[PDB]
Number of protein chains: 2
Amino acid sequence: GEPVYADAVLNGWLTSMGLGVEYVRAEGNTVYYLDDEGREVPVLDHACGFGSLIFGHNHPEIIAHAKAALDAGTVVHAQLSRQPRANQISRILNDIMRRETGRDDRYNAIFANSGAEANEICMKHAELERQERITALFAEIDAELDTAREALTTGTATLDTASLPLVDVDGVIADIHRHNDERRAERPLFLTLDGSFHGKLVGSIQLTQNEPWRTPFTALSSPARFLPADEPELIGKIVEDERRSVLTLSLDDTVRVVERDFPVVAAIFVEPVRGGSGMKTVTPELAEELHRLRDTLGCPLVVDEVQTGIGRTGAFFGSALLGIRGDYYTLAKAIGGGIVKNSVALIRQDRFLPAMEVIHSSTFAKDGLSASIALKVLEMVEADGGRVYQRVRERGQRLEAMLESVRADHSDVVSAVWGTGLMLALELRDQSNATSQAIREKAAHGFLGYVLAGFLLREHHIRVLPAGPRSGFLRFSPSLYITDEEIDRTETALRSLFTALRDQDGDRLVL
Amino acid sequence: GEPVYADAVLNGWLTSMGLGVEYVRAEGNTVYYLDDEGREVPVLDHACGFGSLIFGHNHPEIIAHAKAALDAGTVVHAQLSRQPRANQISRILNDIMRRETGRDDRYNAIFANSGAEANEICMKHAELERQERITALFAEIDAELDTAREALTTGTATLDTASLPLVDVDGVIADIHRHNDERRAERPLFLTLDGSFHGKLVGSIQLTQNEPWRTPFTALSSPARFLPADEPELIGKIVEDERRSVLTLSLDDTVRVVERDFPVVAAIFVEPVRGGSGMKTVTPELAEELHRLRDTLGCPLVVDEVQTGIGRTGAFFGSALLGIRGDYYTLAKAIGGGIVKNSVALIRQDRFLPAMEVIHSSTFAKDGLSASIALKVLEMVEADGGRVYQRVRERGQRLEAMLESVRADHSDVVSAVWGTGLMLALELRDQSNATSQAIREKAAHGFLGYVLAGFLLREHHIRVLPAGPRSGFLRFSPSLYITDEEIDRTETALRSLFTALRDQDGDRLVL
Ligand SMILES: Cc1ncc(COP(=O)(O)O)c(/C=N/[C@@H](C)C(=O)O)c1O
Ligand SMILES: Cc1ncc(COP(=O)(O)O)c(/C=N/[C@@H](C)C(=O)O)c1O
């Protein structure tokens, strides 16, 4: 009961899951904690900043580059001056996306500080595009109203009174303007997939499924409809329910009050590999439903590659690998080199509203230091003719094979292997009906994955963090330097874990 | 017409204002650009990352600490493990606020990546406190409805039908539950001051006055009522207009439908020195209106010290200097040492809802690198018995005196000096009726301050950026190492500028 100033509830909970440890140094795929005697104990990191460390902890090339930038007196804070590195970074991502998609499209870049901040840049730019669409529609409706009032007052046409349910000339027009203004000021919707994770700020959290993370904040910001990824014959009907009309007058002899489409949906968000769903890759059938939706509503499709980008899936863009044709793209995690904080929103130049370049800004965005490190990260992942993607793919295959080898012999406690390249997960079978009270209680609290992670830490010196809404998945997203030995030690560790879980050995698994 | 991938509109605009320059190196209060010959031209930086650089660009102590942290293999990405540096940082801020306010209050710290992110942590925690208050109110209304239905059905009391406008027993209760649920799901309000700047993300931008920055995004998120800072006899009426009622039944013989207060305001936000208002310090009368409002509505008062904190005003907290008694505090800018990105929300432990420690999170938040640099920044500003605050105050006084000396002789084009410590500004008199076409056109576009900044750049090698919604203020927020010579050069530069503006020399001022 001494004074505590941060992290008491968080540390209490980590301690009870068996994850109460302090890492004092990190290098490559290894984090070190101190044992009772003050010796460094090495632990294999499969979490790696939730997929921030494609090149591992404190990669010597990234550290040396950072130290060189600082020794050179890089201008970190040069707001409202020419910062050509922003353009140079966007040029490279532009060239990479052209190469990987064969599409000769150009993208404007807006930088931020976090993946949620890049996603929110896209939500704002989306809303700018919806205000454009709205101004134009309302401009046409005024024209239609002028032309219907000219026809009606002169006597060239008569108002059809069978259409009057939908609301005297001047009065019916006022009632239309009142209905339309009501509709105009209603919040927009965003469309996401079930299990979607797009960040936890006031805007982005509404785009994040995890119910305890989101539902307390529901009232603050525009909501998302979470479209059922696996049951996509239903998406069509869910978005059709969300159609909203404005009113105008239609001239033919006869004038009629008629409904016209109002743009409600600001954007569609998608993860090429679904972090909050336990690393499920978007299927071709779903990609094609999202394309239909985007073409149908004429809002942008935002591809969140905060986690899937910068080579993780064995291409630079996972959207490119899985055929998702986005309008806007977002990057963060690995672009900071595992040491700094950087993010980018790529908005197709044919859609990009130039106001955004001067009405949106951030103190720290586009800083000199994270700009230099981004150019280094892009140089490293592009080096030697794209062989780094090849290494991700071959390490990814080796590690997926091990995970499948383990599932095949422990299918009683493992349902699936999910993901691609080095963004993988094991789905754990429900343990809410477990023999051991200790396990069953943890499973019923949504903690099972954390307990099991605890086991792997204390018994095998392997750092794993769960994913998914009830910690029903074990994440494996290590560096492209993961060795065959480290993969064998992980296999050993998982056979041990899934053998104890089979045996319902609650005393060994739960403290 | 070559391909461009970022910043084309932004660079076009900076070029036309005469601010089209690239700074290649920075040290202390100096930024260097390259002249036509490729020689370094030194420029005095009065912008300093909008007040991020209390210790200047690339302070040797901060650079050396950062290089040591990187060479030690700092664990940057240790998510969901014990990170004691978070607690150690919060301990120090806690001790500093106690010392400066004499209040023995304790604060929980939640870290983020940007000032907007810290402000949005506070908006979310505010909304968590409003959901608590709402659950409790609705719990009591159910009880009052049970007790009114028991009284009415048994016959112990009769329903008074003069109260029925506000909506048969069971039917009037359903109509109350329908009204109440409607109200429950409505967006909350935030209260801010006129000219308020709190960030530009989906949540925070609604809290930011600047109309072109905000009005396009109005539909996305809960709004702010911008309270008139100078006319605070009107605030009372503005907040009273925003009162909203729920309905219940009140038992006496007689049952009556009655209105009860619904909690609508999530939070009050304030800057101790108002960045978006041209560096106006909050007056005691306004501080006391904000205290009244907070005590009256029982929502938290959030003190945004993103810009005013870490010694800028001549104390660590500007709230402490000006007697603002906040519930939550936010810090960012200087805490990154001018090289990394870090922010913190301090929430009073008596109000702090422990769910927030586990339902809110961020990939980059609380990273090892910015944590080590924060501890260094806090060591430096606290060093040698608080003499750093003394130096801010004496440098601040010297620079304010020069700005007042300049206003006194150029009161035709300068209306006021605003701010405190090293967070100062000159208010420029309106130039929309200027003789020179060139000046008048720029003033009418809101660009006057940028034009003048251009002059100071090209004619005197001084970097100044404007503040305020029509760039009607010139900001001066340099490092505590600003020399007497640099202050003299700034005086010379401003006499020159304000003499040309007096002379309406549009050919010298506008390119
Ligand atoms: C796909 C995706 N989008 C957005 C964000 C938010 O980025 P941020 O603001 O944290 O820098 C994250 C973070 N994903 C990690 C936290 C995870 O699911 O473990 C992410 O995985
Ligand atoms: C008082 C205040 N609050 C919040 C923010 C947002 O912080 P961020 O997300 O940019 O890191 C800033 C930035 N203020 C600068 C931009 C200014 O007043 O010009 C700020 O000054």
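All ligand and atom numbering here is 1-based and tracks the order in the structure. These values consider heavy atoms only, across backbone and side chains, with no hydrogens, waters or symmetry-generated copies. Proteins come first, then strands; the chains are lettered A, B, ... in the order of their sequence lines, and each starts at number 1.
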What is the nearest protein non-hydrogen atom to [atom], stated with its residue, atom name and distance?
{"atom": "atom 18 (O) of ligand 2", "answer": "B:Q307 NE2, 3.1 Å"}
{"atom": "atom 19 (O) of ligand 1", "answer": "A:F50 CG, 3.0 Å"}
{"atom": "atom 11 (O) of ligand 2", "answer": "B:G115 N, 3.1 Å"}
{"atom": "atom 16 (C) of ligand 2", "answer": "A:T363 OG1, 3.5 Å"}

Exercise. Does A:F217 have B:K124 sitting over its ring (NZ/CZ under 6.0 Å from centre, angle to axis within 45°)?
Worked result: yes
Check the side chains of [Y] and [X] for a donor-acceptor pair under 3.5 angstrom, ignoring hydrogens and angles.
{"X": "A:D367", "Y": "A:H77", "result": "no"}
{"X": "B:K341", "Y": "B:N113", "result": "no"}
{"X": "B:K200", "Y": "A:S362", "result": "no"}

Which ligand 1 atoms, with their elements, are less than 4.0 angstrom from a heavy-atom of [X]?
{"X": "A:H198", "result": "3 (N), 4 (C)"}
{"X": "A:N119", "result": "3 (N), 4 (C)"}
{"X": "A:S114", "result": "9 (O), 11 (O)"}

For this session: Mind checking whether B:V306 contacts ligand 2 via backbone (N, CA, C, O), side chain (CB onward), both or neither, at a 4.0 Å heavy-atom cut-off?
Result: side chain
For this session: Within a distance under 4.0 Å of any heavy atom of B:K333, pick out the atoms of ligand 2 and give their elements.
Result: 12 (C), 13 (C), 14 (N), 15 (C), 20 (C), 21 (O)
Heavy-atom contacts under 4.0 Å between [X] and ligand 1: side chain, backbone, both, or neither?
{"X": "A:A116", "value": "both"}
{"X": "A:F197", "value": "both"}
{"X": "A:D304", "value": "side chain"}

For this session: Show your reasoning for whether side chain to side chain contact (heavy atoms under 4.5 Å, CB included) applies to A:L321 and A:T420.
Result: CA-CA 10 Å; A:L321 186 79; A:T420 174; 4.1 Å; yes
For this session: Given side chain to side chain contact (heavy atoms under 4.5 Å, CB included), test A:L301 with A:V270 step by step and report yes or no.
Result: CA-CA 8 Å; A:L301 183 60; A:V270 54; 3.9 Å; yes
Exercise. Does any non-hydrogen side-chain atom of B:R214 lie less than 4.5 Å from one of B:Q206?
Worked result: yes
Exercise. Do side-chain atoms of A:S477 reach the backbone of A:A47 as a donor and acceptor pair under 3.5 angstrom?
Worked result: yes
